[PDB]
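A lone chain, given as structure tokens: the form deposited in one PDB entry.
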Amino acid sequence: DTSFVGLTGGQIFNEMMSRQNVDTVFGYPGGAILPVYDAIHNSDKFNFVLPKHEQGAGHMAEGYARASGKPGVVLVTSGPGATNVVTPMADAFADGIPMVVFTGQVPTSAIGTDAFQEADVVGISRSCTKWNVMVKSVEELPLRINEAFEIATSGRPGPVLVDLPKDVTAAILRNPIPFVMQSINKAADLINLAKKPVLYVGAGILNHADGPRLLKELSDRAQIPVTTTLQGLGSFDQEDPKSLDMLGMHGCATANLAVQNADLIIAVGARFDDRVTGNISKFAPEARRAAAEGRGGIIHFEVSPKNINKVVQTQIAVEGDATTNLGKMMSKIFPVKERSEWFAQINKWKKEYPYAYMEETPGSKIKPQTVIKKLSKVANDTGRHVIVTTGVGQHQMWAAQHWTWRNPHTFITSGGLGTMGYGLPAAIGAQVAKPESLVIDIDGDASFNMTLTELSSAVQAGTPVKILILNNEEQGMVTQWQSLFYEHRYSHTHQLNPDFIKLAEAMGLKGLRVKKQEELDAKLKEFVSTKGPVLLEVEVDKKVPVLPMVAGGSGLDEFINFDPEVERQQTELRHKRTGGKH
């Protein structure tokens, strides 16, 4: 090819973005990356979103990718610019989010001299990228860009980093540049044999446009109840009777009980992380027993060999794209008419273990769980497409439990790394991906404080995001652990919040606040109906634990369920131990 000859490395970058079908780029300029910013000045090949902090660009790109299905592209400078995107990269690495991060670097002749704004970005990002590299020459630039996008979007999607020395991007190109089938059958037999099967679905099913469809097909065909992980929410319609909801540490008791009593667990695009399995040795006993008798066990539809048999020994492993392999064994699955025995047990659990919690009473404070339920309906009553992002903590768990998920790619949350401050920037990026959607960020006060500077970025990008802050004036998830395992010793978990409404107004947004239950319903209406970016602060009760809960050495079936009397005794104890402070 000789179409690039005569162009600078930066101009080649501009063209390559076009070839990769990039329509949006998130970044912050800086000295080392100036040659690239000059070549993309007023570019019409893609839109550009400017944050206030590189961490924002990073999280914005993640939200964008998770909502659009396309890799998020980041463009920052060297030194601090690159170190500032490490968290987003580690975050995208843990959740398998496709992201291509371009970092400006000092001239190749300055590298290794402790140069101005120089960092060993390739070394620093090594553990949090599927692959990274430093471009040495302009003739090598197109190849590295093409490899970066390919790697980031194949296998298990993930982040990649391309280091761009200033002299390389300023340089002008002169010279023209140049068994599974067996596993599928063995897996189908086991399924046809299962008496109490359960579908354990994860983020993997959402990595293919036809994932949700085939999942439903297999579920309806063989009548198999489906439970999903935090990252799997949205892949299955929770309206369907076969829905077990979310499993794990803070999952539905029914979901966890089903998994513990199942003779066959079909793992689809899930990695059995420690937030799901509970005590690994106590995980899926019935499945282990069934496997011992050659009448069940665990089937794993995983794309990455290294996640196979990593946490728990499986009986059958189907390597490759889950959606693809499911479509292949569909014809090898005997249609199941009914499962009265299995379904009877599950329905009994449902009625027995619902998402119970201390509901409001005359004069009491608004309850966080209630806000989620109400907001879920109101948002749905708009008919608009809905995408929800969140921060990290109790509010995140409650948003997961009390919202009714039915559409894929509508829940964007930080799971593996659990990065506080993810909500706002991720929502902004998601809004850019789906301009027509009603993007809502269900945030916590502590999380919000982390990246609240991006509020002005929302206004500058023209993203009418709705920011909901469940303010319990505490780092709730940590405080819950201190209450439960640390004799109510709240060590540095209560920060001083700024006036959120005045903050919103200062940032150029509309601010709303709710204190009384009598105003919640109306405020929620106005919130979702407001045109443009808006922030709604809802004062919710404090020291409210997320239940059920499976922690420590407890098995998924040994969960701590809600009990009104226990909460009351806990409140009295908390008061006595904190001197009536909490």
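In this text, the rigid core denotes the largest set of C-alpha atoms whose superposition between the two forms falls within 1.5 Å. Residue indices: 1-based, along the sequence shown.
Another form exists, deposited in another entry; not displayed. Remarks below refer to it.
Novice: Go through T77, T479, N132, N472 and flag the only one whose CA is off by 2 Å or more between the shown form and the other one, rigid core held fixed.
Specialist: The one that shifts is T479.
Novice: Fitting the rigid core first, would the Cα of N407 be found 2 Å or more away between the shown form and the other one?
Specialist: No, the C-alpha moves less than 2 Å.
Novice: Given a core-based superposition, decide whether the C-alpha of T493 shifts by 2 Å or more between the shown form and the other one.
Specialist: Yes, the C-alpha moves 2 Å or more.
Novice: Looking in that other deposited form, are the Cα atoms of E537 and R489 closer together or farther apart than here, the change being 3 Å or more?
Specialist: So the answer is closer.
Novice: Comparing against this form, do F485 and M420 have their CA atoms pulled together or pushed apart in that other deposited form? The difference is 3 Å or more.
Specialist: Compared with the form shown here, the C-alpha atoms of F485 and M420 sit farther apart in that other deposited form, by 3 Å or more.
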